[PDB]
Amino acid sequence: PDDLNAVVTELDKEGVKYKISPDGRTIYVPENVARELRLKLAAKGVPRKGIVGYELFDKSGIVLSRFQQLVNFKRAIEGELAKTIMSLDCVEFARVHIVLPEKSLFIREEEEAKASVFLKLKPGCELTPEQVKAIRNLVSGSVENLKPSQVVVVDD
């Protein structure tokens, strides 16, 4: 019962079909509701941004909204990249976040993207500059508007 009280009590008033995951950190709300909650919660609670928007609700599951599908696909791409990075002996855990351009200038043909890689390394192990460079090229190789020099790798 952590932090869920703030939203569920203000959503209990309207009376729309919502329910909490068996865990207790993932909520399921309509897409029109999730669109109002994603930006506000991202500034508030950060965990995996576990807010799922649906198009149709059922007791067994949900029909994902189109937006939620695209969100899930992005994180799936990032999860796969992180999985490859974790194949490194020194790397125990890895997380990849690709930053998408929010604007599009008519003066430019292409908008540049950014990317951050967070690594939990093995206590005694340490990455070489060539291995880090391999990481930058791996992530940037996924899309055309992302270059290795815009991929930042940090040890958290």
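From 1 onward, residues are counted along the sequence shown.
- In this entry, 23-31 has the higher mean Cα B-factor, the comparison being between 23-31 and 118-126.
- Higher mean CA B-factor, judged across 48-56 and 127-135 from the recorded values: 48-56.
- You'll see in the entry that, of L100, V96, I107, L41, the Cα B factor peaks at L41.
- Ranked by C-alpha B-factor against the other modelled residues of its chain, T9 falls in the highest third.
- Compared with the other modelled residues of the chain, the Cα B-factor recorded for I62 ranks in the middle third.
- Split the chain's modelled residues into thirds by C-alpha temperature factor. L37 is in the highest one.
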